[PDB]
Amino acid sequence: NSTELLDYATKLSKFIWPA
Amino acid sequence: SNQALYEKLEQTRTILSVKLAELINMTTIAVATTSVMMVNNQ
Amino acid sequence: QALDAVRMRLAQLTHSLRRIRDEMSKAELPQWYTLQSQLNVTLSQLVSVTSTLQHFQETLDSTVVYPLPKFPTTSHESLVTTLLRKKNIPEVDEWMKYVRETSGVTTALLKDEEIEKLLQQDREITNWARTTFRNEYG
Amino acid sequence: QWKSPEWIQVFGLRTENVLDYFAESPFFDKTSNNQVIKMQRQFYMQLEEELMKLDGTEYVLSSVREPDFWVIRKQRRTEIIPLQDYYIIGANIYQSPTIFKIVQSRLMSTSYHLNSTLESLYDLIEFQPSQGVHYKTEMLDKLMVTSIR
Amino acid sequence: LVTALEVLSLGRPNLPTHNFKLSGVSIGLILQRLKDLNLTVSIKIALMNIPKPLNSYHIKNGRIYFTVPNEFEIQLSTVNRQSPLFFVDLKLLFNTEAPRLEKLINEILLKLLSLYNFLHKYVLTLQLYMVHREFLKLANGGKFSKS
Amino acid sequence: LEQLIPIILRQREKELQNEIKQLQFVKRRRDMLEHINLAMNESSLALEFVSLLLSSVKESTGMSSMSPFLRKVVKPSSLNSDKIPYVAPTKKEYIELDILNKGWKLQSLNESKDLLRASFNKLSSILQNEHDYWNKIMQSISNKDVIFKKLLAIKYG
Amino acid sequence: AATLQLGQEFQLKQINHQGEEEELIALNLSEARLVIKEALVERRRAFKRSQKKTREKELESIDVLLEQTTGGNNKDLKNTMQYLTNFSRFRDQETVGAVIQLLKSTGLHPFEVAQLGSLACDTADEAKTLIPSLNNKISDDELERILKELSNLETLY
């Protein structure tokens, strides 16, 4: 559903690859 | 044609025996691997 | 000085092994005289390299080799690590440790302190064997 | 081995910072002149000038490339006789080559491979005392040639 | 949001669809394409002057298979198929008789009316050399008097 | 579309339309190519390493064994020519190497025994069959039985 | 004499059959054997092509197989092959290429480097006494170095 993407996709913009 | 069998056969015997003694004297003394393949080739 | 001949003997090694590759690349195997001859050339090159290598083992261990600023390292870095990799192939070291496990003497006998006597027995049997060969050839 | 990327971003990749990194490495000797300097602080060329006063082991820079390939030369001063040569490649510590051992390795590999071939060929040998070693439409074309002619 | 829909659909397909080796590690519609090739050849063959011994033919699935009887335990039938059409007089062909013969027909074909001639000649020779092949066996076998 | 008919033709006639409508030594040769291939890789890498290690003290004599890439990468009169104290004698004073030598020589002995026994079997069988052949030939040659000549021929009429 | 002044046909300036200028080709008793023994092989292939429609035994046997090729009128060439082989210490054209690389590095005359590669010497005085043309044209230490590398290139076959 779009409701999970509107609140989950916002945390994908701030993330450097794991070290 | 028998002299070719004399020289050839005798040479094969000397190479067999003398090369066998060289073999046993080289089995008893990457150098180790070169000994492996020298012994195997003998 | 010695590596000037090491590069030539390894060059003849690469040429010989390439010739064996060409002889084995066919459908049916050709004659055996050429195969055994090329194999004898290969063994001659390996022994020839190991002899001079073991002859100059104290000189090569008394120097260090690492590239100069005159080196395109800013573009390629892993290659420079491959050119000076002391680490052996995992197969030679792996089977080397395995053979070390299947040698009849481990580190448990290092704790017992007892190897020079076995070596002495070995050399003694070398003497006995060589004497028996003296007689049997006499 | 020896990886410490946390100290790289907080201080940078400079000569002094590299001296601190190799000082944190387990190869650092306690009898070094840098440790004597650290003891004097509690009681780039300027550093070498200061190292001219003390006596003991030393870590002198050799060759400057930015930002990757640097040589670290440990040398025991007396005339200066060296000890070992360290190299930094990608924030890693490298050992002395000692050419001979490496020259052994490659040869070992080649030997074993050759052994593999030497066995495989011996599995295909047929022994005969009289034969030695063994290893286990045209007429229609001419019809068409004389046909098109 | 694209990557959100991607992780919703299990994975991230832009990585394999953009990477080459990673993509290297990660029927009824085709049948109708063969029938459309005979409709183009059938009108040009339909317009040209087909010789009399070639008026009978069987349009097979993607080819034209035409026969004429001979011998040698077979029938002189061939399969023809090509592509060009803009040239009405000369017609490039791609045929096969039902390694040297393949390149020979692909050689004489790459230049409509020529095909027969060559083939005819060949058959003739094969009928001569039939005769030759028989006469030899008559010359060796039941040859009592040679005069 | 001219690129789909060849691949479909290689991977995969009216009866098929209705059917779909109703719904030993070559391995040894490859072993030779693999073993000799690895030997070629290790030999080539060893040669390149020897030449590049050479390039440090070179008068360009040893740069002649390089590739076109190694020549533009490395430079003459380069690398380090420093010297370090001897490490070989301190390792030679230890007795940790004789163990490995004894082990490898023992393995050599075992392998030699195995190969010699296998050859003993093969030559034994060959001697058996060939001896039977000779015992069969004795009844076909003396001075009454005629024989001629890489096989043995015989004329009848 | 031996003062770098040969005959007319043996001058430094030679002319091939095409009309171009070529330097005098001087060969030492190393590759001179591999060139005769070399060309005799392709000559044997040429003799067997139109026909359709330890170190001494191989030498004399090959000289017999090549004597069957010729019309039995050039045995002095085979005895010359025995002479060279009995007086040759070199082998393989690769090492010969290295020898030419060591002879041409000094910049001497082809006849001089031929006398250098054809003679077995240990010191520089031997090369300066056996070769009267070389006494000050090249350093003695360099000649001793060439004799050292050559001494490492010779192997008992």
# chains A, B, ... in the order shown; residues from 1 in each chain; ligands from 1
call {"tool": "closest_atom_pairs", "arguments": {"of": "chain B", "to": "chain G", "cutoff": "12 Å", "atoms": "only C-alpha atoms", "output": "Markdown table"}}
result
| residue | atom | partner | partner_atom | distance |
| --- | --- | --- | --- | --- |
| B:4 | CA | G:57 | CA | 11.8 |
| B:7 | CA | G:57 | CA | 11.9 |
| B:8 | CA | G:54 | CA | 11.4 |
| B:11 | CA | G:54 | CA | 10.9 |
call {"tool": "interface_residues", "arguments": {"of": "chain D", "to": "chain C", "cutoff": "9 Å", "atoms": "only C-alpha atoms", "output": "PyMOL selection string"}}
result
chain D and resi 63-71+84-85+87+89-90+95-112+114+118+133-136
call {"tool": "write_last_selection", "arguments": {"atoms": "N, CA and C atoms", "output": "JSON list (two decimals), in the first residue's frame"}}
result
[["chain", "number", "residue", "atom", "x", "y", "z"],
["D", 63, "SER", "N", 60.01, 8.70, 0.27],
["D", 63, "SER", "CA", 59.12, 8.94, -0.86],
["D", 63, "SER", "C", 57.77, 9.49, -0.41],
["D", 64, "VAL", "N", 57.29, 10.53, -1.09],
["D", 64, "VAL", "CA", 56.04, 11.19, -0.74],
["D", 64, "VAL", "C", 55.12, 11.12, -1.95],
["D", 65, "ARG", "N", 54.03, 10.36, -1.83],
["D", 65, "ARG", "CA", 52.98, 10.32, -2.83],
["D", 65, "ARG", "C", 51.65, 10.55, -2.14],
["D", 66, "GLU", "N", 50.83, 11.42, -2.70],
["D", 66, "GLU", "CA", 49.54, 11.74, -2.10],
["D", 66, "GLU", "C", 48.38, 11.40, -3.04],
["D", 67, "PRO", "N", 47.36, 10.72, -2.50],
["D", 67, "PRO", "CA", 47.35, 10.19, -1.14],
["D", 67, "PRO", "C", 47.26, 8.66, -1.09],
["D", 68, "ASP", "N", 48.40, 7.96, -1.16],
["D", 68, "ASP", "CA", 48.35, 6.51, -1.15],
["D", 68, "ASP", "C", 49.67, 5.86, -0.74],
["D", 69, "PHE", "N", 50.70, 5.96, -1.59],
["D", 69, "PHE", "CA", 51.91, 5.15, -1.46],
["D", 69, "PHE", "C", 53.00, 5.94, -0.74],
["D", 70, "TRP", "N", 53.28, 5.57, 0.51],
["D", 70, "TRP", "CA", 54.35, 6.15, 1.30],
["D", 70, "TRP", "C", 55.24, 5.05, 1.85],
["D", 71, "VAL", "N", 56.53, 5.34, 1.98],
["D", 71, "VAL", "CA", 57.50, 4.39, 2.53],
["D", 71, "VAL", "C", 57.85, 4.83, 3.95],
["D", 84, "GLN", "N", 64.22, -2.31, 8.87],
["D", 84, "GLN", "CA", 63.21, -2.82, 7.96],
["D", 84, "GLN", "C", 62.55, -1.65, 7.23],
["D", 85, "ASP", "N", 61.89, -1.96, 6.13],
["D", 85, "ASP", "CA", 61.20, -0.98, 5.30],
["D", 85, "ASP", "C", 59.71, -1.29, 5.29],
["D", 87, "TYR", "N", 55.73, -0.08, 4.12],
["D", 87, "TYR", "CA", 55.06, 0.61, 3.03],
["D", 87, "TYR", "C", 53.57, 0.71, 3.35],
["D", 89, "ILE", "N", 49.96, 1.20, 1.78],
["D", 89, "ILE", "CA", 49.20, 1.08, 0.54],
["D", 89, "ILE", "C", 47.73, 0.91, 0.93],
["D", 90, "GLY", "N", 46.95, 1.97, 0.73],
["D", 90, "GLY", "CA", 45.53, 1.93, 1.06],
["D", 90, "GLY", "C", 45.26, 1.76, 2.54],
["D", 95, "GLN", "N", 54.66, -5.85, 4.65],
["D", 95, "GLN", "CA", 55.89, -6.40, 5.18],
["D", 95, "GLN", "C", 57.00, -6.34, 4.13],
["D", 96, "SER", "N", 58.22, -6.66, 4.57],
["D", 96, "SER", "CA", 59.35, -6.69, 3.66],
["D", 96, "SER", "C", 59.21, -7.87, 2.70],
["D", 97, "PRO", "N", 59.58, -7.70, 1.43],
["D", 97, "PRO", "CA", 59.39, -8.77, 0.45],
["D", 97, "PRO", "C", 60.24, -10.00, 0.72],
["D", 98, "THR", "N", 61.54, -9.81, 0.93],
["D", 98, "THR", "CA", 62.50, -10.91, 0.99],
["D", 98, "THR", "C", 62.30, -11.82, -0.22],
["D", 99, "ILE", "N", 62.84, -11.39, -1.36],
["D", 99, "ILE", "CA", 62.53, -11.89, -2.70],
["D", 99, "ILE", "C", 62.52, -13.42, -2.76],
["D", 100, "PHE", "N", 63.53, -14.05, -2.17],
["D", 100, "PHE", "CA", 63.77, -15.48, -2.32],
["D", 100, "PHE", "C", 62.55, -16.34, -1.98],
["D", 101, "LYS", "N", 61.93, -16.10, -0.82],
["D", 101, "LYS", "CA", 60.77, -16.88, -0.40],
["D", 101, "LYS", "C", 59.66, -16.81, -1.45],
["D", 102, "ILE", "N", 59.31, -15.59, -1.86],
["D", 102, "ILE", "CA", 58.32, -15.40, -2.92],
["D", 102, "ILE", "C", 58.71, -16.20, -4.16],
["D", 103, "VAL", "N", 60.00, -16.19, -4.52],
["D", 103, "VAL", "CA", 60.43, -16.93, -5.70],
["D", 103, "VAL", "C", 60.20, -18.42, -5.51],
["D", 104, "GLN", "N", 60.31, -18.91, -4.28],
["D", 104, "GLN", "CA", 59.94, -20.30, -4.00],
["D", 104, "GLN", "C", 58.47, -20.55, -4.32],
["D", 105, "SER", "N", 57.57, -19.67, -3.83],
["D", 105, "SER", "CA", 56.13, -19.96, -3.87],
["D", 105, "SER", "C", 55.67, -20.34, -5.28],
["D", 106, "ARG", "N", 55.80, -19.40, -6.22],
["D", 106, "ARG", "CA", 55.32, -19.57, -7.59],
["D", 106, "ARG", "C", 55.78, -20.89, -8.20],
["D", 107, "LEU", "N", 57.08, -21.16, -8.06],
["D", 107, "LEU", "CA", 57.66, -22.41, -8.53],
["D", 107, "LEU", "C", 56.93, -23.61, -7.94],
["D", 108, "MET", "N", 56.66, -23.57, -6.63],
["D", 108, "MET", "CA", 55.92, -24.67, -6.01],
["D", 108, "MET", "C", 54.60, -24.92, -6.75],
["D", 109, "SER", "N", 53.84, -23.85, -6.98],
["D", 109, "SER", "CA", 52.57, -23.99, -7.70],
["D", 109, "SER", "C", 52.77, -24.67, -9.06],
["D", 110, "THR", "N", 53.71, -24.15, -9.86],
["D", 110, "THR", "CA", 53.97, -24.72, -11.18],
["D", 110, "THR", "C", 54.31, -26.21, -11.09],
["D", 111, "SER", "N", 55.16, -26.57, -10.13],
["D", 111, "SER", "CA", 55.55, -27.96, -9.94],
["D", 111, "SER", "C", 54.32, -28.84, -9.75],
["D", 112, "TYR", "N", 53.47, -28.48, -8.79],
["D", 112, "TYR", "CA", 52.30, -29.32, -8.51],
["D", 112, "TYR", "C", 51.42, -29.49, -9.75],
["D", 114, "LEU", "N", 52.27, -29.31, -12.92],
["D", 114, "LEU", "CA", 52.97, -30.24, -13.80],
["D", 114, "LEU", "C", 52.77, -31.67, -13.35],
["D", 118, "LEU", "N", 51.46, -34.87, -15.45],
["D", 118, "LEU", "CA", 52.31, -36.06, -15.53],
["D", 118, "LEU", "C", 51.56, -37.32, -15.13],
["D", 133, "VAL", "N", 54.06, -47.50, -27.06],
["D", 133, "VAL", "CA", 53.10, -46.83, -26.19],
["D", 133, "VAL", "C", 52.01, -46.21, -27.04],
["D", 134, "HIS", "N", 50.76, -46.53, -26.73],
["D", 134, "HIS", "CA", 49.61, -45.96, -27.41],
["D", 134, "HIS", "C", 48.82, -45.08, -26.45],
["D", 135, "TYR", "N", 47.94, -44.25, -27.02],
["D", 135, "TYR", "CA", 47.09, -43.35, -26.26],
["D", 135, "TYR", "C", 45.64, -43.60, -26.64],
["D", 136, "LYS", "N", 44.88, -44.19, -25.73],
["D", 136, "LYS", "CA", 43.48, -44.48, -25.96],
["D", 136, "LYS", "C", 42.62, -43.23, -25.77]]
call {"tool": "residues_around", "arguments": {"residues": "residue 41 (chain F)", "least_positions_apart": "5", "cutoff": "9 Å", "atoms": "only C-alpha atoms", "output": "PyMOL selection string"}}
result
(chain C and resi 14) or (chain D and resi 110) or (chain F and resi 36+46)
call {"tool": "residues_around", "arguments": {"residues": "region 49-66 of chain F", "least_positions_apart": "2", "cutoff": "8 Å", "atoms": "only C-alpha atoms", "output": "JSON, numbers by chain"}}
result
{"C": [3, 4, 6, 7, 65, 83, 84], "F": [45, 46, 47, 68, 69, 70, 71, 74, 75, 76, 77, 78, 79, 80, 81]}
call {"tool": "select_by_dssp", "arguments": {"residues": "chain D", "states": "alpha helix (DSSP H)", "output": "NGL selection string"}}
result
:D and (6-11 or 15-24 or 33-40 or 45-51 or 99-122 or 138-148)
call {"tool": "residues_around", "arguments": {"residues": "residue 77 (chain D)", "least_positions_apart": "3", "cutoff": "9 Å", "atoms": "only C-alpha atoms", "output": "list in words"}}
result
residues 55, 56, 57, 58, 80, 81 and 82 of chain D
call {"tool": "write_last_selection", "arguments": {"atoms": "N, CA, C and O atoms", "output": "PDB file, in the first residue's frame"}}
result
ATOM      1  N   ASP D  55      68.907   9.571  20.617  1.00  0.00           N
ATOM      2  CA  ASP D  55      69.583   8.374  20.132  1.00  0.00           C
ATOM      3  C   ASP D  55      68.679   7.168  20.337  1.00  0.00           C
ATOM      4  O   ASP D  55      68.096   7.001  21.413  1.00  0.00           O
ATOM      5  N   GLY D  56      68.568   6.336  19.313  1.00  0.00           N
ATOM      6  CA  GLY D  56      67.742   5.149  19.373  1.00  0.00           C
ATOM      7  C   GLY D  56      67.185   4.824  18.000  1.00  0.00           C
ATOM      8  O   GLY D  56      67.674   5.317  16.988  1.00  0.00           O
ATOM      9  N   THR D  57      66.156   3.980  17.993  1.00  0.00           N
ATOM     10  CA  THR D  57      65.513   3.595  16.745  1.00  0.00           C
ATOM     11  C   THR D  57      64.776   4.786  16.136  1.00  0.00           C
ATOM     12  O   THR D  57      64.490   5.785  16.803  1.00  0.00           O
ATOM     13  N   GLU D  58      64.461   4.668  14.848  1.00  0.00           N
ATOM     14  CA  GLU D  58      63.895   5.784  14.106  1.00  0.00           C
ATOM     15  C   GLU D  58      62.914   5.274  13.062  1.00  0.00           C
ATOM     16  O   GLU D  58      62.986   4.126  12.615  1.00  0.00           O
ATOM     17  N   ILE D  80      73.927   5.984   9.666  1.00  0.00           N
ATOM     18  CA  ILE D  80      72.624   5.439  10.029  1.00  0.00           C
ATOM     19  C   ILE D  80      72.459   4.096   9.330  1.00  0.00           C
ATOM     20  O   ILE D  80      72.413   4.039   8.096  1.00  0.00           O
ATOM     21  N   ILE D  81      72.371   3.025  10.110  1.00  0.00           N
ATOM     22  CA  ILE D  81      72.151   1.686   9.569  1.00  0.00           C
ATOM     23  C   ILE D  81      70.658   1.381   9.627  1.00  0.00           C
ATOM     24  O   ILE D  81      70.025   1.574  10.677  1.00  0.00           O
ATOM     25  N   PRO D  82      70.052   0.928   8.537  1.00  0.00           N
ATOM     26  CA  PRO D  82      68.606   0.686   8.518  1.00  0.00           C
ATOM     27  C   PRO D  82      68.250  -0.610   9.240  1.00  0.00           C
ATOM     28  O   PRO D  82      69.104  -1.320   9.769  1.00  0.00           O
TER      29      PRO D  82
END
call {"tool": "residues_around", "arguments": {"residues": "region 22-29 of chain B", "least_positions_apart": "2", "cutoff": "12 Å", "atoms": "only C-alpha atoms", "output": "ChimeraX atom specification"}}
result
/B:14-20,31-42 /C:119,121-134 /F:98,101-112
call {"tool": "write_last_selection", "arguments": {"atoms": "C-alpha atoms", "output": "compact mmCIF listing (two decimals), in the first residue's frame"}}
result
# COMPACT_ATOMS: atom_id res chain seq x y z
CA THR B 14 73.40 -49.37 -17.16
CA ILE B 15 70.86 -46.53 -17.12
CA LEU B 16 68.37 -48.79 -15.33
CA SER B 17 70.72 -50.00 -12.59
CA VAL B 18 72.84 -46.87 -12.13
CA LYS B 19 69.74 -44.68 -12.35
CA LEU B 20 68.13 -46.93 -9.74
CA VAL B 31 63.83 -28.58 -2.55
CA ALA B 32 61.71 -31.38 -1.09
CA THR B 33 59.16 -31.15 -3.92
CA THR B 34 61.94 -31.13 -6.52
CA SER B 35 63.12 -34.32 -4.83
CA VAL B 36 59.58 -35.70 -5.17
CA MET B 37 59.47 -35.08 -8.91
CA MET B 38 63.09 -36.07 -9.55
CA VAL B 39 62.47 -39.39 -7.79
CA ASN B 40 59.16 -39.87 -9.62
CA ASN B 41 60.81 -39.12 -12.97
CA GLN B 42 63.60 -41.58 -12.19
CA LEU C 119 67.85 -37.80 11.66
CA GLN C 121 69.40 -42.93 12.30
CA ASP C 122 68.30 -41.79 8.84
CA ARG C 123 71.82 -40.75 7.79
CA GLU C 124 73.19 -44.00 9.23
CA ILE C 125 70.77 -45.96 7.05
CA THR C 126 72.02 -43.85 4.13
CA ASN C 127 75.53 -45.09 4.89
CA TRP C 128 74.38 -48.72 5.20
CA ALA C 129 72.40 -48.47 1.96
CA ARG C 130 75.32 -46.95 0.05
CA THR C 131 77.61 -49.71 1.32
CA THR C 132 75.14 -52.38 0.20
CA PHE C 133 75.08 -50.70 -3.21
CA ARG C 134 78.89 -50.74 -3.24
CA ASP F 98 63.96 -31.29 8.47
CA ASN F 101 61.75 -32.81 4.25
CA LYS F 102 61.32 -36.23 5.88
CA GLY F 103 57.56 -36.08 5.29
CA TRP F 104 57.80 -35.17 1.60
CA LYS F 105 60.46 -37.82 0.97
CA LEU F 106 58.29 -40.46 2.65
CA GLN F 107 55.34 -39.49 0.46
CA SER F 108 57.67 -39.77 -2.54
CA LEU F 109 58.56 -43.31 -1.48
CA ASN F 110 54.90 -44.29 -1.14
CA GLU F 111 53.93 -42.88 -4.54
CA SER F 112 56.89 -44.61 -6.20
call {"tool": "atom_distance", "arguments": {"atom1": "CA of residue 47 (chain G)", "atom2": "CA of residue 75 (chain G)"}}
result
17.6 Å
call {"tool": "closest_atom_pairs", "arguments": {"of": "chain E", "to": "chain F", "cutoff": "10 Å", "atoms": "only C-alpha atoms", "output": "JSON lines"}}
result
{"residue": "E:27", "atom": "CA", "partner": "F:20", "partner_atom": "CA", "distance": 9.0}
{"residue": "E:28", "atom": "CA", "partner": "F:20", "partner_atom": "CA", "distance": 8.7}
{"residue": "E:30", "atom": "CA", "partner": "F:5", "partner_atom": "CA", "distance": 8.7}
{"residue": "E:31", "atom": "CA", "partner": "F:17", "partner_atom": "CA", "distance": 8.3}
{"residue": "E:33", "atom": "CA", "partner": "F:1", "partner_atom": "CA", "distance": 9.1}
{"residue": "E:34", "atom": "CA", "partner": "F:5", "partner_atom": "CA", "distance": 9.5}
{"residue": "E:60", "atom": "CA", "partner": "F:14", "partner_atom": "CA", "distance": 9.0}
{"residue": "E:61", "atom": "CA", "partner": "F:14", "partner_atom": "CA", "distance": 7.5}
call {"tool": "residues_around", "arguments": {"residues": "residue 2 (chain E)", "least_positions_apart": "4", "cutoff": "10 Å", "atoms": "only C-alpha atoms", "output": "list in words"}}
result
residues 5 and 9 of chain A; 6, 7, 8, 12 and 14 of chain E
call {"tool": "closest_atom_pairs", "arguments": {"of": "chain G", "to": "chain C", "cutoff": "9 Å", "atoms": "only C-alpha atoms", "output": "CSV"}}
result
residue,atom,partner,partner_atom,distance
G:94,CA,C:8,CA,8.9
G:95,CA,C:8,CA,8.6
G:152,CA,C:5,CA,8.6
G:153,CA,C:5,CA,8.7
call {"tool": "interface_residues", "arguments": {"of": "chain D", "to": "chain A", "cutoff": "12 Å", "atoms": "only C-alpha atoms", "output": "MDAnalysis selection string"}}
result
chainID D and resid 4:6
call {"tool": "write_last_selection", "arguments": {"atoms": "N, CA, C and O atoms", "output": "PDB file, in the first residue's frame"}}
result
ATOM      1  N   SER D   4      42.369   0.586  11.016  1.00  0.00           N
ATOM      2  CA  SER D   4      41.864   1.599  11.945  1.00  0.00           C
ATOM      3  C   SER D   4      41.362   2.794  11.149  1.00  0.00           C
ATOM      4  O   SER D   4      42.023   3.836  11.070  1.00  0.00           O
ATOM      5  N   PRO D   5      40.179   2.677  10.537  1.00  0.00           N
ATOM      6  CA  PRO D   5      39.641   3.794   9.751  1.00  0.00           C
ATOM      7  C   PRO D   5      39.040   4.911  10.587  1.00  0.00           C
ATOM      8  O   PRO D   5      38.755   5.984  10.037  1.00  0.00           O
ATOM      9  N   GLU D   6      38.836   4.698  11.889  1.00  0.00           N
ATOM     10  CA  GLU D   6      38.255   5.742  12.725  1.00  0.00           C
ATOM     11  C   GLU D   6      39.240   6.880  12.956  1.00  0.00           C
ATOM     12  O   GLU D   6      38.842   8.049  13.030  1.00  0.00           O
TER      13      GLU D   6
END
call {"tool": "decode", "arguments": {"residues": "region 75-92 of chain F", "atoms": "N, CA, C and O atoms", "output": "PDB file, in the first residue's frame"}}
result
ATOM      1  N   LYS F  75      59.413   2.314 -14.259  1.00  0.00           N
ATOM      2  CA  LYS F  75      60.396   3.221 -14.823  1.00  0.00           C
ATOM      3  C   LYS F  75      61.799   2.744 -14.485  1.00  0.00           C
ATOM      4  O   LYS F  75      62.007   2.091 -13.457  1.00  0.00           O
ATOM      5  N   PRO F  76      62.779   3.045 -15.334  1.00  0.00           N
ATOM      6  CA  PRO F  76      64.157   2.640 -15.041  1.00  0.00           C
ATOM      7  C   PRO F  76      64.753   3.460 -13.908  1.00  0.00           C
ATOM      8  O   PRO F  76      64.333   4.585 -13.626  1.00  0.00           O
ATOM      9  N   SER F  77      65.754   2.865 -13.254  1.00  0.00           N
ATOM     10  CA  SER F  77      66.445   3.487 -12.123  1.00  0.00           C
ATOM     11  C   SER F  77      65.462   3.873 -11.020  1.00  0.00           C
ATOM     12  O   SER F  77      65.535   4.965 -10.452  1.00  0.00           O
ATOM     13  N   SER F  78      64.539   2.971 -10.711  1.00  0.00           N
ATOM     14  CA  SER F  78      63.461   3.239  -9.769  1.00  0.00           C
ATOM     15  C   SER F  78      63.480   2.211  -8.636  1.00  0.00           C
ATOM     16  O   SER F  78      64.443   1.458  -8.460  1.00  0.00           O
ATOM     17  N   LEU F  79      62.390   2.197  -7.864  1.00  0.00           N
ATOM     18  CA  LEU F  79      62.187   1.278  -6.749  1.00  0.00           C
ATOM     19  C   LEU F  79      63.276   1.424  -5.689  1.00  0.00           C
ATOM     20  O   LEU F  79      64.099   2.343  -5.754  1.00  0.00           O
ATOM     21  N   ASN F  80      63.281   0.528  -4.707  1.00  0.00           N
ATOM     22  CA  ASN F  80      64.186   0.616  -3.569  1.00  0.00           C
ATOM     23  C   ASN F  80      65.336  -0.368  -3.730  1.00  0.00           C
ATOM     24  O   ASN F  80      65.119  -1.537  -4.064  1.00  0.00           O
ATOM     25  N   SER F  81      66.557   0.111  -3.488  1.00  0.00           N
ATOM     26  CA  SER F  81      67.753  -0.721  -3.500  1.00  0.00           C
ATOM     27  C   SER F  81      68.379  -0.842  -2.114  1.00  0.00           C
ATOM     28  O   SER F  81      69.577  -1.118  -2.000  1.00  0.00           O
ATOM     29  N   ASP F  82      67.591  -0.638  -1.063  1.00  0.00           N
ATOM     30  CA  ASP F  82      68.107  -0.687   0.295  1.00  0.00           C
ATOM     31  C   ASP F  82      68.476  -2.117   0.681  1.00  0.00           C
ATOM     32  O   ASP F  82      68.080  -3.091   0.034  1.00  0.00           O
ATOM     33  N   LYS F  83      69.249  -2.234   1.757  1.00  0.00           N
ATOM     34  CA  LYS F  83      69.737  -3.516   2.239  1.00  0.00           C
ATOM     35  C   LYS F  83      69.340  -3.717   3.694  1.00  0.00           C
ATOM     36  O   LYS F  83      69.292  -2.767   4.482  1.00  0.00           O
ATOM     37  N   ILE F  84      69.056  -4.967   4.043  1.00  0.00           N
ATOM     38  CA  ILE F  84      68.687  -5.333   5.409  1.00  0.00           C
ATOM     39  C   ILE F  84      69.622  -6.441   5.876  1.00  0.00           C
ATOM     40  O   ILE F  84      70.229  -7.145   5.055  1.00  0.00           O
ATOM     41  N   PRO F  85      69.777  -6.608   7.190  1.00  0.00           N
ATOM     42  CA  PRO F  85      70.629  -7.688   7.699  1.00  0.00           C
ATOM     43  C   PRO F  85      70.139  -9.060   7.251  1.00  0.00           C
ATOM     44  O   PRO F  85      68.995  -9.241   6.831  1.00  0.00           O
ATOM     45  N   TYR F  86      71.037 -10.037   7.354  1.00  0.00           N
ATOM     46  CA  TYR F  86      70.741 -11.384   6.885  1.00  0.00           C
ATOM     47  C   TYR F  86      69.707 -12.055   7.780  1.00  0.00           C
ATOM     48  O   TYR F  86      69.804 -12.005   9.010  1.00  0.00           O
ATOM     49  N   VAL F  87      68.714 -12.684   7.155  1.00  0.00           N
ATOM     50  CA  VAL F  87      67.704 -13.445   7.877  1.00  0.00           C
ATOM     51  C   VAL F  87      67.812 -14.945   7.617  1.00  0.00           C
ATOM     52  O   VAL F  87      67.234 -15.732   8.381  1.00  0.00           O
ATOM     53  N   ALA F  88      68.544 -15.363   6.578  1.00  0.00           N
ATOM     54  CA  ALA F  88      68.631 -16.790   6.263  1.00  0.00           C
ATOM     55  C   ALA F  88      69.363 -17.592   7.333  1.00  0.00           C
ATOM     56  O   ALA F  88      68.839 -18.642   7.748  1.00  0.00           O
ATOM     57  N   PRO F  89      70.552 -17.194   7.817  1.00  0.00           N
ATOM     58  CA  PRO F  89      71.256 -18.066   8.776  1.00  0.00           C
ATOM     59  C   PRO F  89      70.504 -18.280  10.077  1.00  0.00           C
ATOM     60  O   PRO F  89      70.564 -19.379  10.643  1.00  0.00           O
ATOM     61  N   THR F  90      69.798 -17.261  10.573  1.00  0.00           N
ATOM     62  CA  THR F  90      69.028 -17.432  11.801  1.00  0.00           C
ATOM     63  C   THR F  90      67.917 -18.461  11.626  1.00  0.00           C
ATOM     64  O   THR F  90      67.585 -19.182  12.575  1.00  0.00           O
ATOM     65  N   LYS F  91      67.338 -18.546  10.428  1.00  0.00           N
ATOM     66  CA  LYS F  91      66.342 -19.576  10.154  1.00  0.00           C
ATOM     67  C   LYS F  91      66.987 -20.932   9.894  1.00  0.00           C
ATOM     68  O   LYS F  91      66.363 -21.968  10.146  1.00  0.00           O
ATOM     69  N   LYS F  92      68.223 -20.946   9.391  1.00  0.00           N
ATOM     70  CA  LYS F  92      68.905 -22.210   9.139  1.00  0.00           C
ATOM     71  C   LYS F  92      69.382 -22.860  10.430  1.00  0.00           C
ATOM     72  O   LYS F  92      69.516 -24.087  10.492  1.00  0.00           O
TER      73      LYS F  92
END
